[PDB]
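Residue numbers (the authors' numbering), protein chains in the order written: chain C, 1057 to 1137; chain B, 321 to 401.
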């Protein structure tokens, strides 16, 4: 049961899961350029839907989850530069 | 006679008071109530301050099942300002 890489505390380049749930859709991939507020992925928490937004302008570095993967609070979803 | 309230015209009117409810509603995320563990909870006091606490203490896990209220805060003073 390999533990998932967590998002680093206070590292605003890393987006971690805010609550347990799962990944519905991934809207972006490694390399893309992105803008503050832009949608990056959608996740479910007790069947409510959340859209993960970019914290600022920058370039996606990598994804760390796959479609329909389960996630716990603090799990690292995506890194940005 | 027994509870000790005076007649209507003698019911005191002392200054003014304000109540705010502090909740986990996130005003930058459409007032969606946040959930998760409370790391730190320091409550103020002093003259003119009344607190009626809900569920908020260091270590408490705010769940998605109930309302988002952490604490009710009232202030009171001779003058509204």
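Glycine included, every Cβ here is placed at the ideal spot set by N, Cα and C.
If you compare the alpha carbons of C:1091, C:1113, C:1099 and C:1104 with that of residue 1078 of chain C, the shortest gap goes to C:1099.
According to the DSSP secondary-structure assignment, residue 1070 of chain C is paired through a beta bridge with C:1135.
Under the three-state reduction of DSSP, residue 399 of chain B is assigned to coil, being neither helix nor strand. In the three-state reduction of the DSSP assignment, residue 339 of chain B falls in the strand class, which pools E and B.
Among the residues of the segment 343-365 of chain B, those with a Cβ less than 7 Å away from any Cβ of chain C are 355 and 356, in the order of the chain. Within chain C, 1102 have C-beta atoms less than 7 Å from the C-beta of residue 384 of chain B, given in sequence order.
With the criterion set as a beta carbon lying under 7 Å from some beta carbon of chain B, the members of the segment 1064-1095 of chain C are 1075, in sequence order.
For residue 1088 of chain C, there is no enclosing beta strand (DSSP E), since its DSSP letter is neither H nor E. Residue contact with chain B for residue 1129 of chain C: present (Cβ-Cβ distance below 8 Å to some residue of chain B).
For residue 1105 of chain C, the uninterrupted beta strand (DSSP E) segment begins and ends at 1104-1109.
Residue 382 of chain B is bridged by DSSP to B:356.
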